[PDB]
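Before any comments, here is the structure.
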Amino acid sequence: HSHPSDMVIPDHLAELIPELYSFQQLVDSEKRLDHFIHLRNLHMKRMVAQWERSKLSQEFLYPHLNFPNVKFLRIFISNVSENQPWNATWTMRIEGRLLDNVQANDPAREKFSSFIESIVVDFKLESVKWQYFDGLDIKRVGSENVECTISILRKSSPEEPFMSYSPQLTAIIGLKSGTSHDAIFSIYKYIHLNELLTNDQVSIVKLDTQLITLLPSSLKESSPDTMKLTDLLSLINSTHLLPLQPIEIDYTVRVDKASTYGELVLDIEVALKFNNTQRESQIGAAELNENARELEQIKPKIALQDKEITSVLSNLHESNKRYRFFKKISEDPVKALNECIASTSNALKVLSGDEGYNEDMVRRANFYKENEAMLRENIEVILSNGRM
Amino acid sequence: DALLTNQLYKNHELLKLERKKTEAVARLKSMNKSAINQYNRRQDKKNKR
Amino acid sequence: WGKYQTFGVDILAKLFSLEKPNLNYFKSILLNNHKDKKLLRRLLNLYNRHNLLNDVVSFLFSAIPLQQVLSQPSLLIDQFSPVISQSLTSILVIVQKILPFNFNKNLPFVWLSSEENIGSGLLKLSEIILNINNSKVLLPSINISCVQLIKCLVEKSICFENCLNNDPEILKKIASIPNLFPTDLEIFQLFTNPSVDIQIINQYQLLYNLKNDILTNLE
Amino acid sequence: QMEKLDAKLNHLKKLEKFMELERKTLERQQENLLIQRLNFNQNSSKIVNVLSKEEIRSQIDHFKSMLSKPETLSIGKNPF
Amino acid sequence: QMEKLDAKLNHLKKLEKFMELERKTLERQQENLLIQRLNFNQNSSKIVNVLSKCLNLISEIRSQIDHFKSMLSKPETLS
Amino acid sequence: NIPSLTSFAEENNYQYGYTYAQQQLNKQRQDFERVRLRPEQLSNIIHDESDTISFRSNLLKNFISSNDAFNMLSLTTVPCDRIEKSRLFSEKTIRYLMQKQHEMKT
């Protein structure tokens, strides 16, 4: 029986006991405190939901400057070619050196052998592959010269979502790589600032001269088609996205040069199971559930206190009734001792169910002389209706 | 109660919108009627001469 | 406790629908045949400037149970959609057709930043109502009412500051509301889902164009 | 008790206002950066597709080849 | 009532710590903005520099290319 | 439905006496305003606290509460010098104000 009435100490007690204002504005001071927790909770439901939506975005993927999951790794493109008149030797090599405090003869090192997805040196002698050692030692026979396009695939694990884009999309977006959320968001913010949005519905989008070359093979550069945005969002998913990230460098193994074991530079970096663990989209959820468990722990101790608060408030009202009854008697002990009797027998007449006039009042004759007005009405009413 | 409230708010806006439409409509008639009657009276005294 | 205050927010919603004598009498009462001129001027200063307007608007911001429907998800809004709709209609009428000079205190500013943050409550309520129907009749009106109310409150706060010109550092204090002004990511979400309306994302995108014009004029 | 309550409440409210203002500023600067990047790349591609109409072949192919591969920073750890 | 209030005033500290988590996330976003600004500046500078190289080596048509040189002489090419 | 404001006018509606469009609009009017304005013939007829208040139970409780409080007054034959005063603080309120006053110097 949650009564809203008896949470108020209105006037009669607060004027007598001045601490009740100090009680009441206490309770109001609580009521704006818990509400501050409530706007806190809807805050913490928001930001976590803000960060799980923006988890795919590169606002929290490329900056990891406490510890980024990357270790650089240099590679020498070596070539030893002797026994020629100055059999043209072709001892071409690739050597991997981990950029650390590490050595060259280090046992069990993170080289380009132990950790590389693929290095596909496409030669022009016979092309070689790298199925997922101390170095890449290639040597065939031949006489004139050999040029080899050295192609390095990085460690294209599924947990690095930064993928390359089309050769066209880099010219308009500005990102040589990134995630698919940037590819779905950058053209979205590109549309609004040059009024390519149209209405007939918000779905239609005017194409552009920078957007007809987005789909050159689909033949949309022949007709300036103001099409729906649905075809555009279903266009950039695999027509431009996900090349398994290659790096290229063109060079030839030379006939007369000695070696390139310690002369040439490269730049390829990589561990990866750290930055995808301590993310704010899950740490914030863990903190939210921690605060929820703390709220559900702190709540029954509040309820057991509220029980006693109501049980003391009921006793305060009961004691107020008896204080009023003991004070109105002590002020005038003859008029209160006539109101205590006249409201006790009348309290018995109503509870018994009886009704009517006072028997000792209507038994005299001055009652029918002061009520002379209503009797001349009622006697005519009863007589004219014929009930007298 | 909510739908009739929203209809009560819809009706006042429609009524306010109509007057400025029909202010444009009634002025379109009479000024053209004036321009018709001017185009009438352009030729009226002409043939009298 | 009792739904008796929900009857009053319909009397005020239906009696504001006539610009004839109703809204004229309400205007002359809230902003300011020969003896009641003395009676009205006796009753207005017996009511303890502009206490009546902020009392009516603060009471109409009550009976919109933001705390109750945002504490625990569809049943409470499906039960209280008519009272919410008519309360938002009454507040929109008071904001648009009464508030535009004899003021001496910024009323939409002290409604927007009154430590209860009702604008964030309306924005979260619009999020909630937008996340049920697309994932039950009045809800497309209630979404546009919430967003247009936030927009008109911010614009009337800036207009009242331009008219009064006593508090210059309010462009910071308007932009420092912790959950007003929805981010570009949820508007990016709203421009992609086909289940949304056109006027909903229109009101959202002009709220965002108001947000950008806050930050440009900020410095 | 009321004084300590209102003190911690005012401190938490000022912290909330500061964090909200900084988040708004960061979102604004991100959007402005993206807009300026789109503008620069569109203008450069437009003037190179206009301007192409010996030595000019080599320099135009040099600029188009540099535009074909935009680059980033070299961010890694310190080995030594 | 005071025993009721002291529990929530002891509860407020975790909500204080969530602000520190938010400050960490905002500093990480500031790092992202600085790094993307640095990657933008050098690319714009290199592109406008080889654009100036192309306009140096290139020499209704004259006024057009001179308008292009008025464009890319100063870094107004964002406009 | 949601008929009109013109359908509520007195011209299109019946009066004390003594077409087709009117008889079409008055169908929708009486089918709209009889599903809207009809009272609830079910429970939640309590509406508040001060409607299901019982005069008989309160009168009985006041009859008991006056009688025993008057038997507390007269029939308790303890003299006025012998009525021992009650404590103005409890055994727990005297501990909490020793604790908080110890912790007030922080």
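Residues are named by chain letter and number: chains run A, B, ... in the order of the structure tokens, numbers start at 1 in each chain, and ligands are numbered from 1 in the order shown.
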Got a sec: who's within 10 Å of residue 103 in chain C, counting only C-alpha atoms, leaving out chain neighbours fewer than 2 positions off, as a list in words?
residues 31, 32, 49, 50, 99, 100, 101, 105, 106, 107, 160, 163 and 164 of chain C
Output the selection as a PDB file, in the first residue's frame - N, CA and C atoms for each residue.
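Heads up, here's the output in again-v5.pdb:
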```pdb
ATOM      1  N   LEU C  31       1.983  36.867 -20.399  1.00  0.00           N
ATOM      2  CA  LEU C  31       3.034  37.846 -20.648  1.00  0.00           C
ATOM      3  C   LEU C  31       2.937  39.043 -19.710  1.00  0.00           C
ATOM      4  N   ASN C  32       1.740  39.582 -19.509  1.00  0.00           N
ATOM      5  CA  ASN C  32       1.571  40.732 -18.628  1.00  0.00           C
ATOM      6  C   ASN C  32       1.609  40.316 -17.161  1.00  0.00           C
ATOM      7  N   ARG C  49       8.619  38.479 -11.375  1.00  0.00           N
ATOM      8  CA  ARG C  49       7.873  38.565 -12.622  1.00  0.00           C
ATOM      9  C   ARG C  49       8.050  37.278 -13.421  1.00  0.00           C
ATOM     10  N   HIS C  50       7.025  36.945 -14.216  1.00  0.00           N
ATOM     11  CA  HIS C  50       6.963  35.740 -15.053  1.00  0.00           C
ATOM     12  C   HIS C  50       7.100  34.456 -14.238  1.00  0.00           C
ATOM     13  N   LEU C  99       6.146  33.111 -26.302  1.00  0.00           N
ATOM     14  CA  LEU C  99       7.420  33.673 -25.851  1.00  0.00           C
ATOM     15  C   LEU C  99       7.964  34.827 -26.694  1.00  0.00           C
ATOM     16  N   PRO C 100       7.805  34.875 -28.035  1.00  0.00           N
ATOM     17  CA  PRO C 100       8.184  36.164 -28.631  1.00  0.00           C
ATOM     18  C   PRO C 100       7.174  37.274 -28.352  1.00  0.00           C
ATOM     19  N   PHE C 101       8.693  43.475 -25.828  1.00  0.00           N
ATOM     20  CA  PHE C 101       9.561  42.694 -24.954  1.00  0.00           C
ATOM     21  C   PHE C 101       9.595  43.292 -23.557  1.00  0.00           C
ATOM     22  N   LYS C 105      14.387  38.113 -17.472  1.00  0.00           N
ATOM     23  CA  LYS C 105      15.091  36.894 -17.095  1.00  0.00           C
ATOM     24  C   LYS C 105      14.960  35.892 -18.230  1.00  0.00           C
ATOM     25  N   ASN C 106      16.048  35.180 -18.521  1.00  0.00           N
ATOM     26  CA  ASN C 106      16.076  34.260 -19.650  1.00  0.00           C
ATOM     27  C   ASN C 106      15.383  32.949 -19.305  1.00  0.00           C
ATOM     28  N   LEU C 107      14.145  32.777 -19.774  1.00  0.00           N
ATOM     29  CA  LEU C 107      13.387  31.578 -19.414  1.00  0.00           C
ATOM     30  C   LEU C 107      13.788  30.320 -20.186  1.00  0.00           C
ATOM     31  N   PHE C 160      16.811  35.232 -27.111  1.00  0.00           N
ATOM     32  CA  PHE C 160      16.613  35.964 -25.866  1.00  0.00           C
ATOM     33  C   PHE C 160      17.910  36.588 -25.378  1.00  0.00           C
ATOM     34  N   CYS C 163      18.399  39.659 -27.542  1.00  0.00           N
ATOM     35  CA  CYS C 163      17.506  40.747 -27.152  1.00  0.00           C
ATOM     36  C   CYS C 163      17.916  41.373 -25.826  1.00  0.00           C
ATOM     37  N   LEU C 164      18.255  40.555 -24.829  1.00  0.00           N
ATOM     38  CA  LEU C 164      18.579  41.046 -23.495  1.00  0.00           C
ATOM     39  C   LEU C 164      19.990  41.612 -23.406  1.00  0.00           C
TER      40      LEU C 164
END
```
Can you write out as JSON lines which residues of chain F fall within 10 Å of chain B, alongside each residue's closest atom pair and its distance in Å to one decimal, counting only C-alpha atoms and ordering rows by chain and ascending residue number?
```
{"residue": "F:1", "atom": "CA", "partner": "B:4", "partner_atom": "CA", "distance": 9.9}
{"residue": "F:2", "atom": "CA", "partner": "B:4", "partner_atom": "CA", "distance": 6.3}
{"residue": "F:3", "atom": "CA", "partner": "B:4", "partner_atom": "CA", "distance": 8.8}
{"residue": "F:4", "atom": "CA", "partner": "B:7", "partner_atom": "CA", "distance": 8.3}
{"residue": "F:5", "atom": "CA", "partner": "B:8", "partner_atom": "CA", "distance": 8.0}
{"residue": "F:32", "atom": "CA", "partner": "B:4", "partner_atom": "CA", "distance": 9.7}
{"residue": "F:33", "atom": "CA", "partner": "B:1", "partner_atom": "CA", "distance": 9.7}
{"residue": "F:36", "atom": "CA", "partner": "B:1", "partner_atom": "CA", "distance": 6.9}
{"residue": "F:37", "atom": "CA", "partner": "B:1", "partner_atom": "CA", "distance": 8.9}
```
For those residues, write C-alpha atoms to a file as a PDB file, in the first residue's frame.
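After the write, part08.pdb holds the following:
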```pdb
ATOM      1  CA  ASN F   1     -12.074   8.722 -38.853  1.00  0.00           C
ATOM      2  CA  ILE F   2     -10.989  11.675 -36.662  1.00  0.00           C
ATOM      3  CA  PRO F   3     -13.947  13.483 -38.212  1.00  0.00           C
ATOM      4  CA  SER F   4     -13.806  17.315 -38.215  1.00  0.00           C
ATOM      5  CA  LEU F   5     -14.432  20.523 -36.367  1.00  0.00           C
ATOM      6  CA  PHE F  32     -15.368   8.305 -32.830  1.00  0.00           C
ATOM      7  CA  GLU F  33     -16.679  10.131 -29.747  1.00  0.00           C
ATOM      8  CA  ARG F  36     -13.149   8.037 -26.866  1.00  0.00           C
ATOM      9  CA  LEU F  37     -15.479   9.444 -24.186  1.00  0.00           C
TER      10      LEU F  37
END
```
Compute the set of chain A residues within 9 Å of chain E, using only C-alpha atoms, and express it as a PyMOL selection string.
chain A and resi 23+26-27+30+33-34+37+40+44+47+58-60+62-65+174+280+284+287+291+294-295+298+301-302+305-306+309
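Proximity ranking of A:358, A:186, A:41, A:275 relative to residue 342 in chain A places A:358 first, based on only C-alpha atoms.
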Hey, can you check how far CA of residue 79 in chain C sits from CA of residue 142 in chain C?
13.7 Å
Chain D: residues DSSP assigns to helix (DSSP H, G or I), reported as a ChimeraX atom specification:
/D:2-51,56-68
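Across E:78, E:59, E:72, E:48, the tightest approach to chain D is made by E:78 when counting only C-alpha atoms.
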In terms of the shortest atom-to-atom distance over only C-alpha atoms, which of A:210, A:151, A:198, A:57 is closest to residue 44 in chain D?
A:210
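What separates CA of residue 250 in chain A from CA of residue 53 in chain E is a distance of 25.4 Å.
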As a ChimeraX atom specification, please: the residues near residue 13 in chain F (cut-off 8 Å, only C-alpha atoms, same-chain neighbours under 3 positions excluded).
/F:7-10,22,26
